[PDB]
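Before any questions on how it binds or moves, here is one chain, the form deposited without the ligand, in structure tokens.
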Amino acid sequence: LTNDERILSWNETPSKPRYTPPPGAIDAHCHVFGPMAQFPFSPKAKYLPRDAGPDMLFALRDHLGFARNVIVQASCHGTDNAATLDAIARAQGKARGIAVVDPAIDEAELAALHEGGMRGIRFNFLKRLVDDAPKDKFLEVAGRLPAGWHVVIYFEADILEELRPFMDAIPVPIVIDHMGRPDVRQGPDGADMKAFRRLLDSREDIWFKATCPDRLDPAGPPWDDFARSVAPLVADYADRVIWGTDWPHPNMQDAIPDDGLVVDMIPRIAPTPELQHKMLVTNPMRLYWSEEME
């Protein structure tokens, strides 16, 4: 079925951000969908998205004032990382990636992903998936990744505690997407943020993405609960925080964010030039372009 018949989840004319990022800023959480003609979606994909290919992504990146991207395998492409690899390739060195793998992936295939620009893998623990997930296989694969890879994990606040033993056993660094969706209504010292800080305090090498006010804050823009709840977290873990747009906003078709306003959250959660530089340049450079650092 045609591009037009598929789901649009992004703003096609996003606002210019009022905020200007530092010259070398990195959007560490974005995606491509297709284009379907070259890169089809997983047959298990329920609700197919419109094409959001690499040319759109680079246009977006330029528009928002970012220098680099980390392109995270989209879930509608399952195990097949082709679209993402292609986009990294077209990025002319301006992109790295996160993959989603079949736990049965062998050493040579992972090496091929590394040369393709992949620097980690993703575990998506949705509420409907957590019970059914093969967690043992996830751990095995996580212990034999190429040198210097990390794992990216998404989960909800409701299931953090039951996932503590799994995350403790992960033998590489971990990045938590969207902070594990704490309820930002509760405030910066609320029950969710308390539980999340205990996770962070359990290992030095757990990082987070301070992302997605659109997913976390039901009030909609300017997402004041997100701002007030997330800023103290960013401040308390300045060296363990990265940021992303989440463009093209998978599954956000019911509340499509304006990427201009998404970007304008950055100075609210990171008020100083110093915190901005850490979250948007040096922290993501350390994780995704480590060979370039020092």
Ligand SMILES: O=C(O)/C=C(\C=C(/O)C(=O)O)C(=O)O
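The first residue of the shown sequence is 1; numbering continues from there.
Keep in mind that the form deposited with the ligand bound is not shown, yet the notes after this line are about it.
This chain is drawn without the ligand; in the deposited complex, the residue among 74, 175, 98, 87 with a heavy atom within 4.5 Å of it is 74.
Between the options 65, 232, 250, 54, the residue in contact with the ligand in the deposited complex by a heavy atom within 4.5 angstroms is 250.
In short, of 27-35, 56-64, 223-231, 259-267 it is 27-35 that has heavy atoms within 4.5 Å of the ligand in the deposited complex.
Although the partner is absent from the chain shown here, none of 208, 240 and 278 has a heavy atom within 4.5 Å of the ligand in the deposited complex. For residue 154, a non-hydrogen atom is located within 4.5 Å of the ligand in the deposited complex, even though that partner is not displayed. Shown alone here, residue 124 lies within 4.5 Å of the ligand in the deposited complex, counting heavy atoms only.
A residue is said to contact a partner when one of its heavy atoms sits within 4.5 Å of a partner heavy atom; residue 114 fails this definition for the ligand in the deposited complex, lying far away.
The closest heavy atom approach of residue 185 to the ligand in the deposited complex falls outside 4.5 Å. Residue 215 is the only one in 209-228 with at least one heavy atom within 4.5 Å of the ligand in the deposited complex.
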